[PDB]
Each structure stands twice: as structure tokens, then as C-alpha cells.
Amino acid sequence: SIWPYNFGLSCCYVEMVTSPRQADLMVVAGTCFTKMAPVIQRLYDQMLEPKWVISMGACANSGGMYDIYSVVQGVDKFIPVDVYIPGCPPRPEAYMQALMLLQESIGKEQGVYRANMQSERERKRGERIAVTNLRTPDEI
Amino acid sequence: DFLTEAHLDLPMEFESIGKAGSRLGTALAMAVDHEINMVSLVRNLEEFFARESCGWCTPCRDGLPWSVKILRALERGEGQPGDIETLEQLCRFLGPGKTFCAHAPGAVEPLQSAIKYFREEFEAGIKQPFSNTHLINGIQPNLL
Ligand code: SF4
Ligand code: SF4
């Protein structure tokens with residue numbers, strides 16, 4: 001029962017489409033700009049006490065490719081973030097896997113609980129490293 | 001440079017052999033009969049010239065071994081279709097003033113005359129097509 005306020009802007013909300021004072025989830029997507037950052041900070045303030053924030057895309061996780069004068073280098077500089085979903089743009093399946101990775105936090109409570117120390121980098125490690133062969137890219 | 005039977009009845013002077021496309025040199029002449037394959041004869045000549053390079057200048061030190069390797073391919077019958085046009089280019093770029101001394105210009109003088117007068121035996125070496133690369137799986141090549 002999670003209510004999502006999607007603030008996806010340009011070129012990252014087109015994947016989300018394929019996929020106030022009422023939401024408990026803020027899915028920040030798109031490039032966060034210096035000029036428009038008070039809008040996201042006020043929308044974050046308006047929400048109620050149990051907030052959750054999902055950052056998706058490289059432009060929201062970091063500055064991404066735009067290490068430039070007009071772009072803030074990540075939404076985590078000014079708002080707390082719970083889940084980070086890399087990509088440019090991420091996939092709808094990744095959005096699904098973000099909500100699945102977040103219900104575990106909602107059911108695990110300071111919500112670290114000494115159980116969130118396990119990370120997908122180390123958890124799926126023995127899956128990923130044992131891979132030997134991949135399809136040749138001259139075919140469809 | 002090699003000369004033919006038509007180039008006899010011509011006096012042994014410097015400018016008379018000079019106007020016939022060759023040089024008078026030491027004036028000691030060598031006769032080639034009908035049983036010597038011209039490609040083998042030139043390959044023997046270039047092998048001597050390549051190995052007698054002093055090694056100072058690039059178009060002699062590195063150009064002449066390429067000519068030797070092409071002629072070895074032509075003699076065995078492994079020559080590729082771009083090979084004869086490479087021999088032509090080598091002769092042009094090893095001429096006078098382009099190398100440090102006159103060794104390299106003297107080396108290409110038999111080679112350019114033998115292609116001019118005996119192109120059919122050099123063309124007989126070309127029996128294989130052009131391939132200097134091997135296939136790599138997963139990479140489609142650039143098809144000319
Ligand atoms: S992360 Fe990539 S796709 Fe998303 S807004 Fe930035 S540049 Fe566009
Ligand atoms: S052309 Fe003369 S100087 Fe140059 S490498 Fe040959 S022998 Fe040496």
C-alpha cells in the first residue's frame with residue numbers, strides 16, 4: 001500500500017509512463033537542476049512523517065554525464081534518498097525491482113536493523129561472477 | 001635495367017644505352033636465355049640487394065625486403081592481386097634522390113625493366129586472392 005508521487009521530468013519519465021499531501025513515496029527521476037531544486041525541497045517538506053524516496057537514473061543519483069555549472073550533482077545532496085536505481089534511463093523492470101527492494105526496508109525495522117548491510121553487489125556476486133559465455137552481438 | 005634482342009645493334013656508349021632505358025655500368029654484359037624464369041632471376045637479384053643494404057636509410061632498409069618477400073610469393077605461386085602494383089610503387093619511390101645513396105636506385109633498375117618487358121611471367125604468379133586479416137567471432141568486418 002504505497003502511494004507514489006512521480007516527479008519525472010524529461011527522458012526518464014518516458015520509461016516510467018511505459019511502466020499533494022497524500023503520497024508516502026517520492027520517485028525523483030530526471031536531471032535535478034539548480035533553478036528548480038526548491039520545488040523538490042518544498043514537495044519533500046509537504047509530505048507526512050514516514051517518507052521514502054527512490055532515486056532512479058544517473059542524472060538523479062549523481063549529476064550523471066552533466067557535471068556542468070547548471071546541474072546539481074545528485075538529489076541526495078539536499079533530500080535523503082532510500083533506493084538508487086542506476087541507468088540512463090532505467091527500465092520498468094528496474095522500477096519494479098526498486099519497489100520490491102523497498103518493501104523489504106518497509107518490513108525491516110534506523111531501518112538498517114544490521115540486515116541491510118548485505119548489498120546486491122555481494123548478494124548476487126556468486127550469480128554474476130560464475131557467468132562464462134554470452135551471446136555474440138552479430139545476431140538479433 | 002634489362003634489355004631485349006631488339007636492343008642489340010646499338011652501340012656500347014653511356015648515352016646510347018642511356019636513351020635505351022638502361023645504364024652502361026661496368027660494360028660487362030650478362031646473357032639470359034629462354035630457360036631462366038624471369039621472376040626467379042629478379043628474386044635472386046633483389047635478395048642480394050636487400051641483404052647488402054647498409055641499413056642507414058628507410059626506403060632501402062625496409063622497402064627492399066618487402067620486394068623480396070613479394071617475389072618469393074610470386075615464384076612459389078602464392079602472389080595476391082595487389083602485389084605487382086606494390087612492386088611498381090617501390091620502384092618509383094626508391095629512385096634517385098629519395099634514398100641516401102645510389103644502392104637502392106640501382107637495385108630497382110632490374111626490377112622495373114623486367115616487369116615492363118616480361119609482365120606475363122609476373123602475372124603468372126598471381127593465383128591467390130587478397131587476404132591479410134583473420135576472422136574474429138562476434139565482430140562483423142568492414143566489407144570494402
Ligand atoms: S539519467 Fe539519462 S535518461 Fe534520465 S534524465 Fe538523465 S540523461 Fe536523461
Ligand atoms: S640506400 Fe645506401 S645508405 Fe640507404 S640503406 Fe641502402 S646502402 Fe645504406
# chains A, B, ... in the order shown; residues from 1 in each chain; ligands from 1
>>> residues_around(residues="residue 139 of chain B", least_positions_apart="4", cutoff="9 Å", atoms="only C-alpha atoms", output="PyMOL selection string")
(chain A and resi 136-138) or (chain B and resi 135)
>>> residues_near_ligand(ligand="ligand 1", cutoff="9 Å", atoms="only C-alpha atoms and all ligand atoms", output="PDB file with C-alpha atoms, in the first residue's frame")
ATOM      1  CA  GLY A   8       9.964  12.526 -13.505  1.00  0.00           C
ATOM      2  CA  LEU A   9      10.731  15.328 -15.923  1.00  0.00           C
ATOM      3  CA  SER A  10      12.476  14.697 -19.247  1.00  0.00           C
ATOM      4  CA  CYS A  11      13.795  11.480 -20.901  1.00  0.00           C
ATOM      5  CA  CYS A  12      13.492   9.442 -17.657  1.00  0.00           C
ATOM      6  CA  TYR A  13       9.694   9.700 -17.165  1.00  0.00           C
ATOM      7  CA  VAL A  14       9.106   8.216 -20.636  1.00  0.00           C
ATOM      8  CA  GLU A  15      10.156   4.853 -19.233  1.00  0.00           C
ATOM      9  CA  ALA A  29      13.643  10.943 -11.869  1.00  0.00           C
ATOM     10  CA  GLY A  30      15.326  13.179 -14.388  1.00  0.00           C
ATOM     11  CA  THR A  31      18.042  15.763 -14.094  1.00  0.00           C
ATOM     12  CA  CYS A  32      17.871  17.874 -10.960  1.00  0.00           C
ATOM     13  CA  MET A  56      16.347   6.453 -10.464  1.00  0.00           C
ATOM     14  CA  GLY A  57      18.790   7.280 -13.235  1.00  0.00           C
ATOM     15  CA  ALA A  58      22.320   8.634 -13.255  1.00  0.00           C
ATOM     16  CA  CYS A  59      21.074  12.227 -13.515  1.00  0.00           C
ATOM     17  CA  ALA A  60      19.278  11.846 -10.172  1.00  0.00           C
ATOM     18  CA  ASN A  61      21.745   9.526  -8.395  1.00  0.00           C
ATOM     19  CA  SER A  62      24.692  11.790  -9.248  1.00  0.00           C
ATOM     20  CA  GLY A  63      24.904  14.535 -11.802  1.00  0.00           C
ATOM     21  CA  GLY A  64      25.433  11.736 -14.318  1.00  0.00           C
ATOM     22  CA  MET A  65      27.023  12.961 -17.529  1.00  0.00           C
ATOM     23  CA  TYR A  66      26.081  16.579 -16.692  1.00  0.00           C
ATOM     24  CA  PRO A  86      21.334   3.238 -11.954  1.00  0.00           C
ATOM     25  CA  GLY A  87      20.773   3.612 -15.671  1.00  0.00           C
ATOM     26  CA  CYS A  88      20.150   6.333 -18.268  1.00  0.00           C
ATOM     27  CA  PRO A  89      17.159   5.723 -18.465  1.00  0.00           C
ATOM     28  CA  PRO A  90      16.458   2.742 -16.152  1.00  0.00           C
TER      29      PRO A  90
END
>>> residues_near_ligand(ligand="ligand 2", cutoff="12 Å", atoms="only C-alpha atoms and all ligand atoms", output="PyMOL selection string")
chain B and resi 48-65+93-108
>>> select_by_dssp(residues="chain B", states="alpha helix (DSSP H)", output="number ranges by chain")
B: 14-18, 38-51, 58-61, 63-76, 83-93, 103-117, 119-124
>>> interface_residues(of="chain B", to="chain A", cutoff="9 Å", atoms="only C-alpha atoms", output="list in words")
residues 137, 138, 139 and 140 of chain B
>>> residues_around(residues="segment 4-20 of chain B", least_positions_apart="3", cutoff="10 Å", atoms="only C-alpha atoms", output="list in words")
residues 1, 23, 24, 25, 27, 31, 32 and 117 of chain B
>>> residues_around(residues="segment 68-71 of chain B", least_positions_apart="2", cutoff="9 Å", atoms="only C-alpha atoms", output="short mmCIF file (atom, residue, chain, number, x, y, z; two decimals) with C-alpha atoms, in the first residue's frame")
data_model
loop_
_atom_site.label_atom_id
_atom_site.label_comp_id
_atom_site.auth_asym_id
_atom_site.auth_seq_id
_atom_site.Cartn_x
_atom_site.Cartn_y
_atom_site.Cartn_z
CA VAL B 39 60.65 -13.92 -61.67
CA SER B 40 63.26 -16.30 -60.20
CA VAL B 42 64.78 -10.99 -60.28
CA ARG B 43 64.18 -12.67 -56.88
CA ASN B 44 67.84 -13.73 -56.80
CA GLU B 46 66.70 -8.46 -55.04
CA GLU B 47 67.81 -10.95 -52.35
CA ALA B 50 68.27 -6.38 -49.80
CA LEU B 64 63.72 -3.78 -50.47
CA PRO B 65 62.84 -6.71 -48.08
CA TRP B 66 59.16 -6.18 -48.97
CA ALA B 73 55.36 -15.30 -53.19
CA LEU B 74 55.31 -14.78 -56.98
CA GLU B 75 57.93 -17.51 -57.55
CA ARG B 76 56.02 -20.04 -55.44
CA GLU B 78 51.20 -17.52 -53.72
CA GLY B 79 51.02 -13.97 -55.12
CA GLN B 80 47.94 -11.81 -54.40
CA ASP B 83 51.38 -7.45 -55.34
CA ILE B 84 52.54 -6.26 -58.79
CA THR B 86 53.25 -2.68 -54.96
CA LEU B 87 56.43 -3.56 -56.91
CA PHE B 122 55.00 -11.90 -63.15
CA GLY B 125 52.44 -15.80 -60.03
#
>>> closest_residue(among="A:19, A:50, A:77, A:69", to="residue 37 of chain A", atoms="only C-alpha atoms")
A:77
>>> atom_distance(atom1="atom CA of residue 93 of chain A", atom2="atom CA of residue 107 of chain A")
21.3 Å
>>> select_by_dssp(residues="segment 7-128 of chain A", states="strand (DSSP E)", output="list in words")
residues 25, 26, 27, 28, 52, 53, 54, 55, 56, 83, 84 and 85 of chain A
>>> write_last_selection(atoms="N, CA, C and O atoms", output="mmCIF file, in the first residue's frame")
data_model
loop_
_atom_site.group_PDB
_atom_site.id
_atom_site.type_symbol
_atom_site.label_atom_id
_atom_site.label_comp_id
_atom_site.auth_asym_id
_atom_site.auth_seq_id
_atom_site.Cartn_x
_atom_site.Cartn_y
_atom_site.Cartn_z
ATOM 1 N N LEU A 25 5.667 8.048 -1.005
ATOM 2 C CA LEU A 25 6.813 7.752 -1.850
ATOM 3 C C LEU A 25 7.019 8.870 -2.857
ATOM 4 O O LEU A 25 6.066 9.294 -3.516
ATOM 5 N N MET A 26 8.259 9.345 -2.980
ATOM 6 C CA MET A 26 8.624 10.327 -3.999
ATOM 7 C C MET A 26 9.683 9.731 -4.921
ATOM 8 O O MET A 26 10.835 9.541 -4.515
ATOM 9 N N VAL A 27 9.290 9.425 -6.156
ATOM 10 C CA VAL A 27 10.182 8.798 -7.134
ATOM 11 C C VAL A 27 10.777 9.924 -7.975
ATOM 12 O O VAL A 27 10.218 10.336 -8.992
ATOM 13 N N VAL A 28 11.896 10.472 -7.510
ATOM 14 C CA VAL A 28 12.598 11.509 -8.261
ATOM 15 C C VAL A 28 13.303 10.880 -9.456
ATOM 16 O O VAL A 28 14.155 9.997 -9.300
ATOM 17 N N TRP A 52 9.551 7.995 1.986
ATOM 18 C CA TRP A 52 10.508 7.171 1.263
ATOM 19 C C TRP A 52 10.800 7.854 -0.065
ATOM 20 O O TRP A 52 9.905 8.441 -0.676
ATOM 21 N N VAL A 53 12.054 7.788 -0.505
ATOM 22 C CA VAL A 53 12.492 8.441 -1.734
ATOM 23 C C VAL A 53 13.257 7.422 -2.564
ATOM 24 O O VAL A 53 14.200 6.796 -2.068
ATOM 25 N N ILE A 54 12.855 7.257 -3.820
ATOM 26 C CA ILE A 54 13.584 6.432 -4.772
ATOM 27 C C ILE A 54 14.205 7.349 -5.815
ATOM 28 O O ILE A 54 13.498 8.089 -6.509
ATOM 29 N N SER A 55 15.529 7.320 -5.905
ATOM 30 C CA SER A 55 16.249 7.971 -6.987
ATOM 31 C C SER A 55 16.477 6.950 -8.092
ATOM 32 O O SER A 55 17.000 5.861 -7.837
ATOM 33 N N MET A 56 16.059 7.283 -9.305
ATOM 34 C CA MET A 56 16.347 6.453 -10.464
ATOM 35 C C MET A 56 17.049 7.272 -11.539
ATOM 36 O O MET A 56 16.758 8.456 -11.734
ATOM 37 N N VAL A 83 16.553 4.383 -2.029
ATOM 38 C CA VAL A 83 16.960 3.399 -3.033
ATOM 39 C C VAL A 83 17.529 4.150 -4.237
ATOM 40 O O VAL A 83 17.013 5.206 -4.618
ATOM 41 N N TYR A 84 18.595 3.610 -4.833
ATOM 42 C CA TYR A 84 19.243 4.179 -6.010
ATOM 43 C C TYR A 84 19.204 3.163 -7.144
ATOM 44 O O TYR A 84 19.617 2.013 -6.965
ATOM 45 N N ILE A 85 18.713 3.593 -8.304
ATOM 46 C CA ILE A 85 18.469 2.726 -9.459
ATOM 47 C C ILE A 85 19.270 3.231 -10.656
ATOM 48 O O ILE A 85 18.831 4.173 -11.335
#
>>> atom_distance(atom1="atom CA of residue 34 of chain B", atom2="atom CA of residue 118 of chain B")
12.0 Å
>>> decode(residues="segment 54-89 of chain B", atoms="N, CA, C and O atoms", output="PDB file, in the first residue's frame")
ATOM      1  N   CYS B  54      73.242  -1.160 -46.362  1.00  0.00           N
ATOM      2  CA  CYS B  54      73.991  -0.777 -45.176  1.00  0.00           C
ATOM      3  C   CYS B  54      73.084  -0.507 -43.977  1.00  0.00           C
ATOM      4  O   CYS B  54      73.573  -0.488 -42.847  1.00  0.00           O
ATOM      5  N   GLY B  55      71.784  -0.311 -44.198  1.00  0.00           N
ATOM      6  CA  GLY B  55      70.827  -0.141 -43.130  1.00  0.00           C
ATOM      7  C   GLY B  55      70.588   1.283 -42.677  1.00  0.00           C
ATOM      8  O   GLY B  55      69.816   1.485 -41.735  1.00  0.00           O
ATOM      9  N   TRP B  56      71.237   2.269 -43.303  1.00  0.00           N
ATOM     10  CA  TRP B  56      71.117   3.658 -42.868  1.00  0.00           C
ATOM     11  C   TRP B  56      69.735   4.242 -43.153  1.00  0.00           C
ATOM     12  O   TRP B  56      69.101   4.809 -42.259  1.00  0.00           O
ATOM     13  N   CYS B  57      69.255   4.131 -44.387  1.00  0.00           N
ATOM     14  CA  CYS B  57      68.051   4.845 -44.787  1.00  0.00           C
ATOM     15  C   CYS B  57      66.867   3.902 -44.974  1.00  0.00           C
ATOM     16  O   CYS B  57      67.018   2.791 -45.489  1.00  0.00           O
ATOM     17  N   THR B  58      65.701   4.368 -44.514  1.00  0.00           N
ATOM     18  CA  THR B  58      64.441   3.615 -44.510  1.00  0.00           C
ATOM     19  C   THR B  58      64.002   2.986 -45.842  1.00  0.00           C
ATOM     20  O   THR B  58      63.641   1.798 -45.820  1.00  0.00           O
ATOM     21  N   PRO B  59      63.983   3.675 -47.009  1.00  0.00           N
ATOM     22  CA  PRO B  59      63.428   3.012 -48.209  1.00  0.00           C
ATOM     23  C   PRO B  59      64.305   1.910 -48.776  1.00  0.00           C
ATOM     24  O   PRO B  59      63.806   1.069 -49.527  1.00  0.00           O
ATOM     25  N   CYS B  60      65.572   1.858 -48.397  1.00  0.00           N
ATOM     26  CA  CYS B  60      66.441   0.747 -48.748  1.00  0.00           C
ATOM     27  C   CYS B  60      66.358  -0.365 -47.715  1.00  0.00           C
ATOM     28  O   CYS B  60      66.174  -1.532 -48.074  1.00  0.00           O
ATOM     29  N   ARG B  61      66.489   0.004 -46.437  1.00  0.00           N
ATOM     30  CA  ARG B  61      66.481  -0.952 -45.333  1.00  0.00           C
ATOM     31  C   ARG B  61      65.153  -1.698 -45.224  1.00  0.00           C
ATOM     32  O   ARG B  61      65.133  -2.902 -44.956  1.00  0.00           O
ATOM     33  N   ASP B  62      64.035  -1.004 -45.413  1.00  0.00           N
ATOM     34  CA  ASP B  62      62.729  -1.627 -45.237  1.00  0.00           C
ATOM     35  C   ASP B  62      61.954  -1.834 -46.531  1.00  0.00           C
ATOM     36  O   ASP B  62      61.124  -2.741 -46.588  1.00  0.00           O
ATOM     37  N   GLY B  63      62.181  -1.004 -47.551  1.00  0.00           N
ATOM     38  CA  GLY B  63      61.473  -1.178 -48.812  1.00  0.00           C
ATOM     39  C   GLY B  63      61.894  -2.421 -49.579  1.00  0.00           C
ATOM     40  O   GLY B  63      61.047  -3.186 -50.044  1.00  0.00           O
ATOM     41  N   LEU B  64      63.207  -2.622 -49.739  1.00  0.00           N
ATOM     42  CA  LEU B  64      63.722  -3.785 -50.467  1.00  0.00           C
ATOM     43  C   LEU B  64      63.362  -5.161 -49.887  1.00  0.00           C
ATOM     44  O   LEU B  64      63.134  -6.074 -50.701  1.00  0.00           O
ATOM     45  N   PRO B  65      63.360  -5.416 -48.558  1.00  0.00           N
ATOM     46  CA  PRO B  65      62.841  -6.715 -48.078  1.00  0.00           C
ATOM     47  C   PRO B  65      61.387  -7.004 -48.425  1.00  0.00           C
ATOM     48  O   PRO B  65      61.031  -8.179 -48.552  1.00  0.00           O
ATOM     49  N   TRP B  66      60.532  -5.978 -48.522  1.00  0.00           N
ATOM     50  CA  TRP B  66      59.155  -6.180 -48.966  1.00  0.00           C
ATOM     51  C   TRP B  66      59.105  -6.688 -50.405  1.00  0.00           C
ATOM     52  O   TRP B  66      58.307  -7.575 -50.726  1.00  0.00           O
ATOM     53  N   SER B  67      59.959  -6.135 -51.276  1.00  0.00           N
ATOM     54  CA  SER B  67      60.046  -6.582 -52.665  1.00  0.00           C
ATOM     55  C   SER B  67      60.502  -8.035 -52.756  1.00  0.00           C
ATOM     56  O   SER B  67      60.024  -8.784 -53.613  1.00  0.00           O
ATOM     57  N   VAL B  68      61.447  -8.433 -51.896  1.00  0.00           N
ATOM     58  CA  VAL B  68      61.954  -9.806 -51.876  1.00  0.00           C
ATOM     59  C   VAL B  68      60.853 -10.786 -51.480  1.00  0.00           C
ATOM     60  O   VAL B  68      60.673 -11.836 -52.111  1.00  0.00           O
ATOM     61  N   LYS B  69      60.091 -10.443 -50.438  1.00  0.00           N
ATOM     62  CA  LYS B  69      59.011 -11.299 -49.956  1.00  0.00           C
ATOM     63  C   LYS B  69      57.877 -11.426 -50.974  1.00  0.00           C
ATOM     64  O   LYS B  69      57.263 -12.492 -51.081  1.00  0.00           O
ATOM     65  N   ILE B  70      57.567 -10.346 -51.701  1.00  0.00           N
ATOM     66  CA  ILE B  70      56.578 -10.417 -52.778  1.00  0.00           C
ATOM     67  C   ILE B  70      57.057 -11.338 -53.899  1.00  0.00           C
ATOM     68  O   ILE B  70      56.300 -12.187 -54.384  1.00  0.00           O
ATOM     69  N   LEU B  71      58.328 -11.210 -54.298  1.00  0.00           N
ATOM     70  CA  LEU B  71      58.882 -12.039 -55.371  1.00  0.00           C
ATOM     71  C   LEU B  71      58.959 -13.514 -54.982  1.00  0.00           C
ATOM     72  O   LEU B  71      58.801 -14.386 -55.841  1.00  0.00           O
ATOM     73  N   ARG B  72      59.237 -13.805 -53.706  1.00  0.00           N
ATOM     74  CA  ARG B  72      59.173 -15.180 -53.211  1.00  0.00           C
ATOM     75  C   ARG B  72      57.755 -15.738 -53.291  1.00  0.00           C
ATOM     76  O   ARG B  72      57.564 -16.923 -53.587  1.00  0.00           O
ATOM     77  N   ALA B  73      56.749 -14.906 -52.997  1.00  0.00           N
ATOM     78  CA  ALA B  73      55.356 -15.302 -53.192  1.00  0.00           C
ATOM     79  C   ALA B  73      55.033 -15.522 -54.667  1.00  0.00           C
ATOM     80  O   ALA B  73      54.302 -16.458 -55.007  1.00  0.00           O
ATOM     81  N   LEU B  74      55.533 -14.643 -55.544  1.00  0.00           N
ATOM     82  CA  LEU B  74      55.312 -14.782 -56.983  1.00  0.00           C
ATOM     83  C   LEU B  74      55.978 -16.035 -57.543  1.00  0.00           C
ATOM     84  O   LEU B  74      55.415 -16.707 -58.414  1.00  0.00           O
ATOM     85  N   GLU B  75      57.190 -16.343 -57.069  1.00  0.00           N
ATOM     86  CA  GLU B  75      57.929 -17.510 -57.546  1.00  0.00           C
ATOM     87  C   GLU B  75      57.249 -18.807 -57.130  1.00  0.00           C
ATOM     88  O   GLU B  75      57.204 -19.769 -57.904  1.00  0.00           O
ATOM     89  N   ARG B  76      56.704 -18.848 -55.917  1.00  0.00           N
ATOM     90  CA  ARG B  76      56.023 -20.042 -55.442  1.00  0.00           C
ATOM     91  C   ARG B  76      54.598 -20.148 -55.969  1.00  0.00           C
ATOM     92  O   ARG B  76      54.026 -21.242 -55.945  1.00  0.00           O
ATOM     93  N   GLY B  77      54.028 -19.055 -56.472  1.00  0.00           N
ATOM     94  CA  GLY B  77      52.652 -19.043 -56.918  1.00  0.00           C
ATOM     95  C   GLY B  77      51.638 -18.599 -55.888  1.00  0.00           C
ATOM     96  O   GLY B  77      50.438 -18.780 -56.111  1.00  0.00           O
ATOM     97  N   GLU B  78      52.079 -18.017 -54.774  1.00  0.00           N
ATOM     98  CA  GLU B  78      51.199 -17.521 -53.724  1.00  0.00           C
ATOM     99  C   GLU B  78      50.905 -16.027 -53.833  1.00  0.00           C
ATOM    100  O   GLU B  78      50.409 -15.441 -52.866  1.00  0.00           O
ATOM    101  N   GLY B  79      51.254 -15.397 -54.953  1.00  0.00           N
ATOM    102  CA  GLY B  79      51.022 -13.968 -55.119  1.00  0.00           C
ATOM    103  C   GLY B  79      49.545 -13.597 -55.158  1.00  0.00           C
ATOM    104  O   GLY B  79      48.709 -14.327 -55.690  1.00  0.00           O
ATOM    105  N   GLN B  80      49.233 -12.451 -54.568  1.00  0.00           N
ATOM    106  CA  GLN B  80      47.935 -11.809 -54.404  1.00  0.00           C
ATOM    107  C   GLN B  80      47.779 -10.668 -55.408  1.00  0.00           C
ATOM    108  O   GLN B  80      48.781 -10.153 -55.906  1.00  0.00           O
ATOM    109  N   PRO B  81      46.543 -10.247 -55.753  1.00  0.00           N
ATOM    110  CA  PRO B  81      46.379  -9.292 -56.874  1.00  0.00           C
ATOM    111  C   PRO B  81      46.934  -7.887 -56.648  1.00  0.00           C
ATOM    112  O   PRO B  81      47.209  -7.196 -57.636  1.00  0.00           O
ATOM    113  N   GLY B  82      47.133  -7.449 -55.411  1.00  0.00           N
ATOM    114  CA  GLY B  82      47.780  -6.169 -55.218  1.00  0.00           C
ATOM    115  C   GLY B  82      49.297  -6.173 -55.225  1.00  0.00           C
ATOM    116  O   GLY B  82      49.899  -5.135 -54.948  1.00  0.00           O
ATOM    117  N   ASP B  83      49.936  -7.306 -55.535  1.00  0.00           N
ATOM    118  CA  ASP B  83      51.380  -7.448 -55.344  1.00  0.00           C
ATOM    119  C   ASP B  83      52.199  -6.746 -56.423  1.00  0.00           C
ATOM    120  O   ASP B  83      53.236  -6.148 -56.116  1.00  0.00           O
ATOM    121  N   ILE B  84      51.773  -6.838 -57.686  1.00  0.00           N
ATOM    122  CA  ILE B  84      52.545  -6.263 -58.787  1.00  0.00           C
ATOM    123  C   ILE B  84      52.493  -4.738 -58.745  1.00  0.00           C
ATOM    124  O   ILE B  84      53.505  -4.062 -58.979  1.00  0.00           O
ATOM    125  N   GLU B  85      51.340  -4.175 -58.368  1.00  0.00           N
ATOM    126  CA  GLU B  85      51.220  -2.731 -58.195  1.00  0.00           C
ATOM    127  C   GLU B  85      52.022  -2.209 -57.005  1.00  0.00           C
ATOM    128  O   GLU B  85      52.346  -1.018 -56.965  1.00  0.00           O
ATOM    129  N   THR B  86      52.353  -3.072 -56.042  1.00  0.00           N
ATOM    130  CA  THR B  86      53.251  -2.677 -54.964  1.00  0.00           C
ATOM    131  C   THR B  86      54.692  -2.594 -55.466  1.00  0.00           C
ATOM    132  O   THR B  86      55.427  -1.669 -55.101  1.00  0.00           O
ATOM    133  N   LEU B  87      55.093  -3.552 -56.314  1.00  0.00           N
ATOM    134  CA  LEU B  87      56.428  -3.556 -56.912  1.00  0.00           C
ATOM    135  C   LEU B  87      56.662  -2.323 -57.775  1.00  0.00           C
ATOM    136  O   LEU B  87      57.772  -1.783 -57.805  1.00  0.00           O
ATOM    137  N   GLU B  88      55.625  -1.885 -58.497  1.00  0.00           N
ATOM    138  CA  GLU B  88      55.692  -0.648 -59.270  1.00  0.00           C
ATOM    139  C   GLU B  88      55.916   0.568 -58.374  1.00  0.00           C
ATOM    140  O   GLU B  88      56.712   1.453 -58.709  1.00  0.00           O
ATOM    141  N   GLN B  89      55.189   0.640 -57.254  1.00  0.00           N
ATOM    142  CA  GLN B  89      55.323   1.749 -56.310  1.00  0.00           C
ATOM    143  C   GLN B  89      56.698   1.785 -55.651  1.00  0.00           C
ATOM    144  O   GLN B  89      57.249   2.867 -55.423  1.00  0.00           O
TER     145      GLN B  89
END
